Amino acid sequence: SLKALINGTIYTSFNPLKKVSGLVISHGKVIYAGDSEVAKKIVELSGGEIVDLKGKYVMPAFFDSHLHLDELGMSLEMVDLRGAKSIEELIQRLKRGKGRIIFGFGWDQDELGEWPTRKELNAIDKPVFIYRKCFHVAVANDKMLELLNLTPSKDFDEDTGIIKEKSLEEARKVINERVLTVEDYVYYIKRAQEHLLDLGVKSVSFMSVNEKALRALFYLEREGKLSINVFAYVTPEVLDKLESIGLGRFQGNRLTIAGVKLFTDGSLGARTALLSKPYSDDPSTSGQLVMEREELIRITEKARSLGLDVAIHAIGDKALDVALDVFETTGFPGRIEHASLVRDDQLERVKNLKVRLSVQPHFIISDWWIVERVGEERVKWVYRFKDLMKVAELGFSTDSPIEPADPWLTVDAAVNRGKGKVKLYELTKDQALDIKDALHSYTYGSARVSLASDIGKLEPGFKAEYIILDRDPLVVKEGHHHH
């Protein structure tokens, strides 16, 4: 169809700020951006729909440059056990849960009075698997333990049903590869995309797409049931399978086979992020390197032989050195995920290697313990978005479901930096972004970081991914957007 959007205020770009009064759209792409009367005239001659905006505002849709579509779907279906004050309350919540397997999250023995147990969870006549708050421990009943068939170890207590550390790593792998079916993944991804679409997020980079998530994505693409643009960054294990048929970058209608996702380190919360000096609240540790340079380089080169992008998780400042070493050696300006701790000296190296950065501003709000982890002397390195925007293309993301998916909450985090919420604000005030730069990062910034060359602006040649607002987005309080 050929359509015009007329008689409204259409933002086509944020950096630089450009507004028009009329758009012409042909087959999902903008072909004219300018005067409202010209737009209407074009569509009158051609034949087609003329949409009266009636003074409403139009902006490019949000692009979340880093999330987990399958995990978001699971999270939306999970039983919420946060704030449960007794085993009784916990069992009552789990009994209301729907589906083949009852997944839950968020319980805390401090709230409950005691740990939940395998025996207590046997009262639910379904496999039950429940994550503790912070997702480093889980408890399972008999039926779920039968499905999991976990390797005996000290990290798996068979009597109490408590699964932690590497046994939890095993349990997650088994759930993701064996227990869940492709049909489950289709269901989870459908749920996630409808949630995102309702929030105005119309494009994503889906990180760590595994074998079954990829099968689900292919299914949804061929059925025309993918409702958002998905840039798939596969696991190394999936990359091996792509290589076996020679499938590299491939852009479909909604699905793009985009890249591979790699890890250098863990997280600051668990103290597994790799630092150049020990943790300030644990001087015995400096974090944990997940993969060595040689293996990271090998996977990067395999991906590059297929024209695929390479995204590397690096939270700690030493992990960033490792990630930058990989990109320097391969001569590929890749993307770095998180970039949570960046030293003053690393800013110029980021600039010189021309790397892309995907950051998650809502982590400022969630990670209240950050200054305890890194100390005051490293505070200036923390989530330094204003500094990073100067040296690299910067995209915004939520890492959903780790943070809420609502883009306005992440915009607020970047603009206001946890003012009145967390210690970090007072210490890092000068890193606050203005609303224009935040919206740019969450639209065109995210698209560029994801190598989506026709997304992020509403200028001619770009995909017509837009959202319609009642008010000027630059002028509304972030937490006050409706419907």
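Numbering starts at 1 and runs along the sequence shown.
Relative to one another, 193-201 and 163-171 have unequal mean CA B-factors, and 163-171 is the one with the higher figure. According to the PDB record, 118-126 carries the higher mean C-alpha B-factor of the two stretches 118-126 and 326-334. Reading the B-factor column for the CA atoms of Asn229, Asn210, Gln346, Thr398 in the entry, the top value corresponds to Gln346. Of the candidates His68, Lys423, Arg448, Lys56, the deposited coordinates give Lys56 the top C-alpha B factor. In the deposited entry, the Cα temperature factor of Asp437 places it in the middle third of its chain's modelled residues. Ranked by C-alpha B-factor against the other modelled residues of its chain, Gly83 falls in the highest third. Compared with the other modelled residues of the chain, the Cα B-factor recorded for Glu183 ranks in the lowest third. In this PDB entry, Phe250 carries a Cα temperature factor that places it within the lowest third of its chain's modelled residues. In the PDB entry, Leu289 places in the middle third of its chain by CA B-factor.
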